[PDB]
Structure formats: C-alpha cells, structure tokens
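One structure below.
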Amino acid sequence: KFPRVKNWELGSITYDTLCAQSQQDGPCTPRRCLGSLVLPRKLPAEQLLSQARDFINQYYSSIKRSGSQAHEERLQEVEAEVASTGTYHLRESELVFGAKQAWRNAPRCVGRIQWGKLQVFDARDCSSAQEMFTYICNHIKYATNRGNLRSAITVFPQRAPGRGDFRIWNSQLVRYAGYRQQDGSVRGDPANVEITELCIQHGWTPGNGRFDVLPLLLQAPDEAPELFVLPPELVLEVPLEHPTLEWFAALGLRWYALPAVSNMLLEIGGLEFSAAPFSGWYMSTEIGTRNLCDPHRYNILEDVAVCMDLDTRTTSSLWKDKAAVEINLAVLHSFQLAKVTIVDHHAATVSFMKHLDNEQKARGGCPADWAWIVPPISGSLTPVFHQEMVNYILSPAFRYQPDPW
Amino acid sequence: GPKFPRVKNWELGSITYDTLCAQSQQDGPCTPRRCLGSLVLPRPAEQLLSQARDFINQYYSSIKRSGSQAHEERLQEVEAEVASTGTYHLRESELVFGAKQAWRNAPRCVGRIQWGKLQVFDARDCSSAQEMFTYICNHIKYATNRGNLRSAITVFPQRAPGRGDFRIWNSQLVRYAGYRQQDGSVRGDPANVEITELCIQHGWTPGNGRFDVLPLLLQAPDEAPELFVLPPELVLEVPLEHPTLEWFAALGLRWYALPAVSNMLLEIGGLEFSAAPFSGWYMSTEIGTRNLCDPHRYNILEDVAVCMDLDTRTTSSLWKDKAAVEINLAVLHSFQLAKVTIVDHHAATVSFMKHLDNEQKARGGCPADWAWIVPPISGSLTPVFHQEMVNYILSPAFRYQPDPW
Ligand code: HEM
Ligand code: HEM
Ligand SMILES: Cc1cc(N)nc(COC[C@@H](CN)OCc2cc(C)cc(N)n2)c1
Ligand SMILES: Cc1cc(N)nc(COC[C@@H](CN)OCc2cc(C)cc(N)n2)c1
Ligand SMILES: C[C@H](O)[C@H](O)[C@H]1CNc2nc(N)[nH]c(=O)c2N1
Ligand SMILES: C[C@H](O)[C@H](O)[C@H]1CNc2nc(N)[nH]c(=O)c2N1
Ligand SMILES: [Zn+2]
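These protein sequence lines map, in sequence, to chains A and B. Residue numbering for the first sequence follows the working numbering, beginning at 39 and increasing consecutively. Residue numbering for the second sequence follows the working numbering, beginning at 1131 and increasing consecutively.
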C-alpha cells in the first residue's frame, strides 16, 4: 500500500510511490517505530550483479538511452567482469551520476534542492596517504573558493575483497580539537576528544586553544594512518560578531566555512567507496544552535545569557531561547559580512519544500527524515514542520560505517 | 546485546533497552521498507474476550494479585458476562486504573510525569444530553479550580451493541469560533470553521469576535446532538500581556485556561468509551507557538514582528524566531500573573526525562512519539531532542475516532 502524505498547513495530499523502489530495510517494524534512532542497530556475486544491473539501468534511463546498444553492451561488460573477478568498475560518467543520486537520495539532507550541482573529483587512481592528502587539499581549495562555496565530492578507490579500506579517520575534513582536562572538563569541541587523542598519539603536537584545527589522519589500505596538517590558508574561518551586541565579539567565537563529511561510505551499484568526502555550505542552525549551544558541545548559552543580563534562575524567563536566537543571528551576520555562503533555516526549509514538489513530479516521492529536516530551533515556524514525510532507503546511498580504529 | 530496541541519549551518552514494546498487541503504520512516524493520522466475539482477559491481567498485576483466586474469579465473571451478553462492564476501580493507564500509554503526551494524579469521574450512569452537560460543567469546575488546575477525566457510558454512541461533537470543551468571511479569510480560529458552522446549523446565534467561546454539541444515544452554551463564568480565560513590551496588551489577545480534549475514544479491555473528555493544563508552546503562530491558526507572527519593528522582508533577520519567543514569553508571564497553572517547554521536557527514567525502572520502557514530544520552538535546547524514543501502541489507549457527522 502506498502512503498518503499530508501537508497540514496547506491541506494538500500526495501519494509516495517512490518507496516501492526501496530494496533495503530501515529500522522500523509494525510493532514499533525506530525513526528517531540516529544509527542503525546492525552497524555473493548474484546480489552484487543485481545491484550493478539496477544501477546501470538507472544510469541509461537518466541519459534517455534506455535499451540502446550502448546500454546492452555496458550490462554485458559489468556481467563479464563480475563473473570473472567478483567485482567491477564504474565509468567516470556513471560515478558522477551515482554520486549526485546518493545526495539526492539522502533522507536527512535539507539542502537537496542543489543535488544536480555537485562537482565530482574522481580520485580512484590514488595509491597512498600522501596522494589522498593532495586530493583533499584541492577539494578544500575548490569547494571554499574564497567564500563562494561550491558543493563537491572526492571519491577515493573503492573497497576490494582482498584488502583494507582507504579511510579518512576524521569525521569532517575541518574539525576543532577537544582536549580532555585532568578535572574531567573539555577545552575545545567535546565531540572531538577521541580523534584529538588519536592525532596526538600518532605524533601531532597539540595546541591548547578552544578552536585548534585538527590535522588529518589518512589511511591507505593495511597501513597505519598518516598525519597531515592542513595549511592554515586552506581553512577559511569566520570570526563571530553580533550586529548590535558589541560584547559578543569579545567572546572569541569563530567557526569554519566548510562543512565536509569524511567518515561516510558511498554505495553505488553495489560498489562501496569508504573514503569519499563531500561538502556543501552550512545552514546557520548547525553552527548557531547545535555546535555552539548543545550541552555536550561548546555549550555557550549560559555565557551569552549572562552577557545579555537575562534572568538565568528560571526556565520560564526563556533565557535559553532568547540567547539562542541572538547566537544564530550572530552566525548569519558574521558569515554575510565575511562574504561566506550560508543559508538560514527559513530559506533552507522553503527551498526543501520546493524540492519535495520537484521530486513528487520527477519520481513520485522523496525520502525524508522529519526529525532531521526540521531545524533544531523554531521548528513549527518553518513549513517542513507541517509536512508529513516518508523515510526509506534508496540506492545510490551515503551510509554510516564503523570507525577504522 | 539484548534483542530489544537499543535507545541512546546523545547528550549524556547513556543507553537503555526497551522491553515494554514486547507488550504491544497493536501494529503501528511503519514497516521495514518505510517509516511513517511523521504521519499525524495513519490510516467482536473472542476478540473482545482476549482484550478483556489481558486488561484484567494488567489490573491484577497492578494491585499485585496475579494468579490469585480473586483474579481467576474476575476472569470467569468477565467471560460469563460476555458469554451471555456479548459485552461486559468494568468495576469502578478497574475504570480508574484503565483511565490512568490510557494516559500513561499516550506516546504523544509530554505531561505523563503526572499520570498517577488523575481524577476519574465515573459518569456511566448518564442517560441524556442534558445530564452530559451537567457532568461536563462539573468537570470544568473541578478541573479549573479557579486557576489551580487539576487533571481530570469524565467517563460516559461505553459503546453498546445496536444502540447509538454518546458523543461530544466539539474537539475540545473550550474552543474559539472561526467565522468564514466574504473575502475568504477567517475571523477567530480557522481550526474551528467546521464545528462553528455545525453549531449555527443546529441553531446557535453566532457572535463575530476573534475569541468567541463555542457552545457544546452533545449527543446522547440515537438522538440528534443538542446545543449547550457554557456559562461564561465557568470558562476561565487569561488576557495576554508582555512583561516589558507595553503595547502587547493592546493586541487584545487571550487564551482559555483549560485544555480539555473531548473527541477521543478511550479504549479499555476492548470496551469503547466514545465520550470520555479529559483535561490537564497547558504547556506554553501549545498556545504561544502553535495556536497563535501557526500560519493556518491565528497566524499573528507578522503583526507582532511589525510592532517589534523587525525586518519582516528577509528571512535572515530571524524576525519570526524573535517574535515567537516574545509571544511565548507573554503567554507564560500572563498565566503567571493571572495565577493559572501553565508549564514552559523547558520545565515540561525536563519532567518528561524524569518520567522516562521512572518508566524504564517500572516497566522497562516508555512509548513516545519524538516529533510530538519535542517542542515546536527551541527543540534542541530541551533535553528530549537528544533522546531516542520508541513509539508503539499499548492498551488501554486514547484513540482517534471518526467525526460523528
Ligand atoms: C549545499 C548545501 C547543503 C546544505 C545547506 C545541507 C544541509 C544539510 C543539513 C543541515 C544536514 C543535517 C546535518 C546535521 O545536523 O549534522 C545535512 C545532512 C546531510 N547532507 Fe546535506 N546539505 C548540503 C549539501 C550536501 C552535499 C553536497 C551532500 C553530499 C553530496 C550532502 C549530503 C548530506 C548527507 C549524507 C547528510 C546526512 C549526514 C548524516 O546522516 O549524518 N549534503 N545536510
Ligand atoms: C497535566 C498536564 C498535561 C500537559 C502539560 C500535557 C501536555 C501535552 C501536550 C503538549 C500534548 C501535545 C498537544 C498537541 O500538540 O496537540 C499532549 C498530548 C496528549 N496528552 Fe497530554 N498533557 C497533560 C495532561 C494530559 C491528560 C490529563 C491526559 C489524559 C488523561 C493527556 C493525554 C494526552 C493525549 C491522549 C495526547 C495526544 C492527543 C493527540 O494525539 O492528538 N494529557 N499532552
Ligand atoms: C554536506 C553537509 C552540509 C551541511 N550544511 N552540513 C552537513 C552536516 O555534517 C555533519 C553530519 C555529517 N554526518 O554529522 C551528523 C552526525 C552523525 C552522527 C552519527 C553523529 C553526529 N554527532 N553527527 C553536511
Ligand atoms: C489534556 C491535554 C493537555 C494539554 N496540555 N494539551 C492538550 C492538547 O490536545 C490537543 C490535541 C487533541 N487531539 O491536538 C491534536 C489535534 C486535534 C484536532 C481535532 C485538530 C488538530 N489540529 N490537532 C491536551
Ligand atoms: C535522538 C534524535 O533523533 C537526535 O537528537 C537527532 C534529532 N534530529 C537531528 N537533526 C539534525 N539535523 N541533526 C541531528 O544531529 C539530529 N539529531
Ligand atoms: C507533519 C507532522 O507530523 C505534524 O506537523 C506534527 C509534528 N509534531 C507535532 N507535535 C505536537 N505536539 N503537536 C502537533 O500537532 C504536531 N504536529
Ligand atoms: Zn518508523
């Protein structure tokens, strides 16, 4: 049965028929819904061959060459290669198509209106951690573009049965160190305590600030990972100030321009790319709300509230809500002043609604994870709060994978 | 680990396993292939007896007499009563237990810390629409308690074979009229256009303000509903003012004190109580964010932002977030001044976390609907945002039921 999908603000209804193309189970069953879980609990040639075929058909259908001689030959090549070797390789154009499709298919991404605009760097001819680093630098340079951010993905060599994976150990290309204190607390970003320690242990001389950019740990197959410091000119950062509260800059806050996820696996036609870092630009609440105000992150709400002279003694003064708004405002203002691409949560969710509509017409649905699409402040002030969403796994897909240590 | 859903709190790093979901006898709308968790409404003989037996088992467990002679005799009583009449009836203490458990079971309610403290009015002797009105007036008086609100449910006679249902047509005991205008817009609450026009069709002389309290449409078995005006002195309202924005009072906004849901079905041991209105006290975001700021409700955000002199021509000023905060603050401040019970979304979610811990120890889990539990402003500023939740249906339950017309 196909799900009826209602928008509660507009009263309009659609039917999701795309979910029928799902070949992979999510975490839910009729007995209990596990939609709010962040990670999956659970984290032969004929099965590879059927994923490969399905993906090749997706590709030829996308270039409107479905059933062509080019199409049939390509399927025979894939078939001949799997049968002899247990695996196959993608053509660059297939890889490019596959990577845009994985982004398109990502249920947690609110930025999917952009999905067709993705620079794909083919790095499958990489043979060493040293080469990975060079590719990573070029990616950063290209994606940053002096503040005019451009979406990009770099795809390192696929996993192969006989050997270790290419991996970037860091969860993002740009991350701030978190230094555990003898007295339990953390200096820097508490989310990065473990990777910070791994870096030091692999030879990095640590800093002692709140915002020390981490080096990269890059791993070529079956080798210890190697440490690479990113050249500071590569990492564009925006100092945070507020349009009207002058003390705000005194807080010494800053964030980096480029959000670039580097720990996720890219799956295309049954092939798996364990190192395929991708990047776009930030939505302001990621920084203003989560990274700065989460209690297990920089946790600056109290500091800001004290500075704004708010009554911190009672929740009902809504001091938290008031401080968060100003912090988000500071992020938006500072990124705009520095001329660095950023989108606020109102503009982002409005674009996502238009994306849902485009996708309804093009594919008969759009997989979306409501808990992730709705922003972490002002939920119901955005149109996506009132929109029902169906969540399911299509391939090509970005997936979580185990930490390599 | 254990073969039960693993539930993580991402703020604290702590893990639990939900074993209570095992007690679910009723399927939700999710499958392995697609999650329908964000959908607001997803679409007897031996059947009764097994629901009855299971409920009677729950009752005897809760008073610690499982397997006792009194437990076995009640079981026998129930099957005999069904055997000869097709239905059965609850003892008074069974009803009280079942009503409390219905509330304890409600996955969408953030106020369940209070579940044990529920006044159950037994109105199973009611035989007319006039008497329903008297009971409902008594309920409102008791629950309102001049501003010191008290949780209550009033239970009218159950569905019976052949015979028509007791129904309250209104969705809440207190609702404001919504009058469709010539220009196509609505004066009052647009959520209530249909019930308003039904009240007129049944002979109510309509008012024409933004905050006209609706009469009740009450239906006794096999009769047309009858119209009842609530005496104005029984309906406590709170005029809205802001602690520092002196003009806010001039907007003439107000809300009623008592949230009293009247169109839900209370199901206990297979028995169906089609009229069983229940009330608590408000969480401030229900009024300040949803009822006043939803685009399809009072939709006041822009009017307030304009009075605050915000830049409403650009999303990136965060005018909507700033205005919503002040409206929420005005709600809290005004209820506080008026001495009417209300709870802010920070205190409420903190108490819900406490509830989750109580229920983990008491029953090994707690069914909870994340999208409904997380408040509509300041989501990740509250501890429930960082808490994974397992949603499933337990009985006794409050359930949606079709409109009687
Ligand atoms: C162009 C601007 C983009 C914006 C504004 C954006 C926005 C977002 C946001 C806000 C999230 C949730 C992040 C979080 O809370 O941690 C997200 C998740 C994600 N986005 Fe994007 N996105 C963009 C581009 C991209 C690109 C280029 C890709 C890949 C090609 C991508 C794939 C993803 C994936 C896979 C996730 C899920 C991450 C996870 O499950 O942990 N997005 N997006
Ligand atoms: C004591 C104070 C209470 C508070 C603060 C409270 C809070 C809430 C809130 C905020 C919601 C979601 C409302 C919405 O967005 O529409 C809700 C839903 C609900 N609560 Fe409560 N609650 C309280 C008492 C009660 C009582 C006394 C009962 C019944 C005995 C109850 C049963 C429910 C049910 C069944 C729902 C779900 C309704 C639906 O699905 O539409 N709650 N609660
Ligand atoms: C490409 C992109 C653009 C943009 N604006 N934002 C992002 C967000 O990146 C952070 C995402 C990437 N997995 O992190 C989500 C996450 C996942 C997990 C398992 C844990 C955690 N703390 N956070 C990515
Ligand atoms: C008892 C109680 C306490 C409290 N603080 N809040 C509530 C609010 O309940 C409103 C619920 C009623 N099912 O809202 C869901 C709903 C129902 C209807 C008919 C329309 C609508 N838009 N939304 C109820
Ligand atoms: C438990 C809950 O699912 C978890 O906190 C999720 C909620 N929604 C989110 N949404 C986004 N965009 N990013 C997140 O990290 C989360 N965290
Ligand atoms: C589409 C979505 O399910 C819908 O807007 C829900 C989201 N969460 C909610 N949460 C509560 N408490 N009340 C609501 O009415 C809603 N609406
Ligand atoms: Zn689900």
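Backbone N, C-alpha and C define an ideal beta-carbon position, used for all residues, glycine too.
Any non-hydrogen atom of ligand 6 within 6 Å of residue i CB
| i | result |
| --- | --- |
| B/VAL1461 | no |
| A/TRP46 | yes |
| A/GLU426 | yes |
Cβ-heavy atom distance, residue i to ligand 1, below 6 Å
| i | result |
| --- | --- |
| A/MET321 | yes |
| A/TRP141 | yes |
Residue i versus residue j: straight-line alpha-carbon distance, rounded
| i | j | result |
| --- | --- | --- |
| A/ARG103 | A/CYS175 | 37 Å |
| B/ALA1182 | B/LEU1486 | 28 Å |
| A/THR323 | A/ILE415 | 8 Å |
| B/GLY1318 | B/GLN1302 | 16 Å |
| A/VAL76 | B/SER1257 | 52 Å |
| B/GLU1261 | B/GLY1337 | 26 Å |
| A/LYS358 | B/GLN1466 | 19 Å |
| B/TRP1535 | B/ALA1236 | 26 Å |
| A/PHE204 | A/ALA313 | 6 Å |
| A/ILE365 | B/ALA1454 | 16 Å |
| A/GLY149 | B/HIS1332 | 50 Å |
| A/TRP207 | A/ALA406 | 28 Å |
| A/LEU48 | B/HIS1426 | 8 Å |
| A/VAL193 | B/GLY1158 | 40 Å |
| B/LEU1178 | B/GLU1209 | 10 Å |
| A/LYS360 | B/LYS1452 | 8 Å |
| A/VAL43 | A/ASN337 | 37 Å |
| A/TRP293 | A/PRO277 | 7 Å |
| A/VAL369 | B/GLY1410 | 39 Å |
| A/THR353 | A/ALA385 | 29 Å |
| A/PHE423 | A/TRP408 | 8 Å |
| B/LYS1133 | A/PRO41 | 29 Å |
Nearest neighbour of residue i, chosen from the options [CA to CA]
| i | options | result |
| --- | --- | --- |
| A/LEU272 | A/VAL381, A/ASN183, A/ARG70 | A/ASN183 |
| A/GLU235 | A/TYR217, A/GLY222, A/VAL224 | A/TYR217 |
| A/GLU132 | A/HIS383, A/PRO434, A/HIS371, A/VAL344 | A/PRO434 |
| residue 447 of chain A | A/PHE436, A/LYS399, A/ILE380, A/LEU304 | There is no way to answer for residue 447 of chain A, as the model of chain A reaches only from 39 to 443. |
| B/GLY1294 | B/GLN1311, B/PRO1351, B/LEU1346 | B/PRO1351 |
| B/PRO1389 | B/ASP1184, B/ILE1472, B/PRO1320, B/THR1444 | B/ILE1472 |
| B/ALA1273 | B/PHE1408, B/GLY1509, B/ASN1521, B/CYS1496 | B/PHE1408 |
| B/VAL1359 | B/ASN1187, B/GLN1155, B/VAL1304 | B/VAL1304 |
Check: residue i C-beta below 6 Å from any heavy atom of ligand 5
| i | result |
| --- | --- |
| A/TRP410 | yes |
| A/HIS383 | no |
| A/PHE311 | no |
Near ligand 2: residue i beta-carbon under 6 Å from a heavy atom
| i | result |
| --- | --- |
| B/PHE1408 | yes |
| residue 1543 of chain B | Outside the shown range of chain B (1131 to 1535) lies residue 1543 of chain B, about which nothing can therefore be said. |
| B/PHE1528 | yes |
Distance cut-off 6 Å: residue i Cβ against heavy atoms of ligand 3
| i | result |
| --- | --- |
| A/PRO297 | yes |
Any non-hydrogen atom of ligand 7 within 6 Å of residue i CB
| i | result |
| --- | --- |
| B/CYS1160 | yes |
| A/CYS57 | no |
| residue 449 of chain A | Because chain A spans 39 through 443 in this model, residue 449 of chain A falls outside it and cannot be assessed. |
Proximity test, residue i beta-carbon vs ligand 4 heavy atom, cut-off 6 Å
| i | result |
| --- | --- |
| B/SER1214 | no |
| B/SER1464 | no |
| B/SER1301 | yes |
When you check each C-beta in the region 1371-1385 of chain B against every C-beta of chain A, which residues fall closer than 8 Å? If the cut-off is 8 Å between Cβ atoms, the region 1371-1385 of chain B has nothing near chain A.
If we require 4 or more residues per run, which alpha helix (DSSP H) segments fall completely within the region 323-403 of chain A? Runs of the alpha helix (DSSP H) lying entirely within the region 323-403 of chain A and spanning at least 4 residues, in chain order: 339-345, 357-375, 383-401.
Between the region 417-433 of chain A and chain B, which residues of the former have CB atoms less than 9 Å from a CB of the latter, in chain order? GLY417, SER418, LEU419, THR420, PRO421, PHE423, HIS424, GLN425, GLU426, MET427, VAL428, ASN429, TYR430, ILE431
Near-chain B residues of the region 70-95 of chain A - C-beta to any C-beta below 9 Å: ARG70, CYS71, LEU72, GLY73, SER74, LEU75, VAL76, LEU77, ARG79
Would you list, in chain order, the members of the region 45-63 of chain A that have their beta-carbon closer than 7 Å to a beta-carbon of chain B? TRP46, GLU47, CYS57, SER60, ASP63
If contact means a Cβ-Cβ distance below 7 Å, which residues of the region 1432-1453 of chain B contact chain A? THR1445, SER1446, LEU1448, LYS1450, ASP1451, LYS1452
Given a limit of 9 Å on CB to CB distance, which residues of the region 1404-1424 of chain B reach chain A? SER1414, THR1415, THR1419, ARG1420, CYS1423, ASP1424
Enumerated in chain order, which unbroken segments of the beta strand (DSSP E) with a length of 3 residues or greater are wholly contained in the region 1196-1268 of chain B? 1249-1252
Can you pull out the residues from the region 1246-1276 of chain B whose beta carbon lies closer than 7 Å to at least one beta carbon of chain A? Correct list: empty, as no residue qualifies.
Which of the residues in the region 1467-1483 of chain B, read from start to end, lie with their CB under 7 Å from any CB of chain A? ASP1474, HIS1476, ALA1477
Scan the region 211-240 of chain A for residues whose Cβ lies nearer than 9 Å to a Cβ of chain B and list them as they occur along the chain. Using a CB distance below 9 Å, no part of the region 211-240 of chain A faces chain B.
Could you tell me which whole beta strand (DSSP E) segments of length 3 or greater appear in the region 172-237 of chain A? 190-193, 216-218, 224-226
Taking the runs of the beta strand (DSSP E) that are 3 residues or longer, which of them lie wholly in the region 1493-1535 of chain B? 1527-1529
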